[PDB]
Protein chains: 2
Amino acid sequence: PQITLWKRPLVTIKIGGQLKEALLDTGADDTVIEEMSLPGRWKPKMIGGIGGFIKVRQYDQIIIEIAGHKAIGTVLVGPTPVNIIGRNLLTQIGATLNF
Amino acid sequence: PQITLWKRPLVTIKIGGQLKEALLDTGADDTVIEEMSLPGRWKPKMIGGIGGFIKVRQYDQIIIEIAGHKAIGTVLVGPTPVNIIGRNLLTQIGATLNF
Ligand SMILES: COc1ccc(S(=O)(=O)N(CC(C)C)C[C@@H](O)[C@H](Cc2ccccc2)NC(=O)O[C@@H]2C[C@@H]3[C@@H](O)CO[C@@H]3C2)cc1
Ligand SMILES: [Cl-]
Ligand SMILES: [Cl-]
């Protein structure tokens, strides 16, 4: 699809067996999801943005379905105010910025 | 152009006759720039990012070139970790997300 930016570019995702709404975010290096359980090992990480940093759990090799497209990669889980699909998974679904 | 997301979508902007680097950020509603001087009066605004809420200076109707495209609109000035071009100016340069 072609998504305009008049409003937030929100899409439905499936992760960990759950449906969520998330932002397609070209300004995010990584994918950051609100607190949930995911299987496997994880390690702590700190990520920083406007406001400062939050501690997250880093899970690798997680499959997400993003607007009907499957990707795999690292997902960070923690107290983000919004679910964010970052560049690590946007690349996998072939997303580009066009103007 | 078509910009892929394997790397940060950094572009050159020009504001106040100065060149700066900024991130095209579809996850940002607003454009937020590091401390600089701008003309006119400003208004207060609070914005909430990943790490909490900060205070910024809101300047309206500011001339800014983005990747060689001309925009005129609201620029928020404050302690952001990187200059971010948000949807208020991404729409002015005709940007869309495509996959
Ligand atoms: C390492 O991976 C990372 C992934 C993401 C981030 S980041 O989220 O800090 N982040 C990294 C950027 C700052 C370099 C990604 C951004 O797109 C961020 C997304 C956002 C939206 C709403 C609430 C909170 C965050 N937008 C964001 O900070 O936008 C600001 C805050 C205000 C919100 O209402 C939405 O727009 C207004 C302008 C940092 C690191
Ligand atoms: Cl990854
Ligand atoms: Cl590609």
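Only this structure's heavy atoms are used, side chains among them; waters, hydrogens and symmetry mates stay out. Naming: A, B, ... by sequence-line order, numbering from 1 per chain.
Chosen from A:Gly49, A:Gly78, A:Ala28, the residue pairing most often with chain B at heavy-atom distances under 4.5 Å is A:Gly49. Taking B:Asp25, B:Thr96, B:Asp29 one by one and counting their heavy-atom pairs under 4.5 Å with chain A, the maximum is reached by B:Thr96. Of all the listed residues (A:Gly48, A:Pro1, A:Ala67), the one sharing the greatest number of non-hydrogen pairs under 4.5 Å with chain B is A:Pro1.
Atom-to-atom distance recorded for A:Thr26:OG1 and B:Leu90:CG is 7.0 Å, nearest 0.5 angstrom. Taking CZ of B:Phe99 as the start and CD1 of A:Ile66 as the end, the distance is 8.0 Å to the nearest 0.5 Å. Here the CD1-CG distance, from B:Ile3 to A:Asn98, works out to 8.0 Å after rounding to the nearest 0.5 Å. To the nearest 0.5 angstrom, B:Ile50 atom CD1 is 11.0 Å from A:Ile50 atom CD1. Distance CG/B:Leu5 to CG/A:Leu89: 11.5 Å, rounded to 0.5 Å.
Side-chain contact check for A:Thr4 versus B:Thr91: every heavy-atom pair is 4.5 Å or farther apart.
The parts of A:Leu24 that come within reach of chain B are both its backbone and its side chain, each placing non-hydrogen atoms under 4.5 angstrom from that chain. Looking at B:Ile54, the atoms closer than 4.5 Å to chain A (heavy atoms on both sides) all sit in the side chain, from C-beta outward. With a 4.5 Å cut-off on non-hydrogen atoms, A:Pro81 touches chain B through its side chain but not through its backbone. At a 4.5 Å heavy-atom cutoff, the contact between B:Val32 and chain A is made by side-chain atoms alone. Using a 4.5 Å cut-off between heavy atoms, B:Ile93 contacts chain A through both its backbone and its side chain.
At least one donor-acceptor pair under 3.5 Å links the side chain of B:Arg87 to the backbone N or O of A:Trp6.
By the rule that hydrophobic residues join a cluster once side-chain heavy atoms approach within less than 4.5 Å of another member, A:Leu76 and A:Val82 end up as members of separate clusters. A single hydrophobic cluster is seen to contain both A:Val77 and A:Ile15, as judged by linkage of ILVMFWY side chains at heavy-atom distances under 4.5 Å, directly or through other members. Residues A:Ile64 and A:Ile84 do not share a hydrophobic cluster, defined by chaining ILVMFWY side chains whose heavy atoms lie under 4.5 Å apart. Grouping the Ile, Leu, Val, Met, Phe, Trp and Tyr side chains by contacts below 4.5 angstrom, directly or via other members, places A:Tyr59 apart from A:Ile47. Both B:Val11 and A:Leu97 are assigned to one and the same hydrophobic cluster, defined by single-linkage of ILVMFWY side chains at heavy-atom distances under 4.5 Å.
Residue A:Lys14 places its NZ atom among 12 or fewer non-hydrogen atoms of other residues, nucleotides or ligands, all under 6.0 Å distant. Annotation for B:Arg8: atom CZ does not count as buried by contact number, only 12 or fewer foreign heavy atoms lying within 6.0 Å. Other residues, nucleotides and ligands place more than 12 heavy atoms under 6.0 Å from the CG atom of B:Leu38. Heavy-atom neighbours of B:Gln61 CD from other residues, nucleotides or ligands within 6.0 Å: at or below the threshold of 12.
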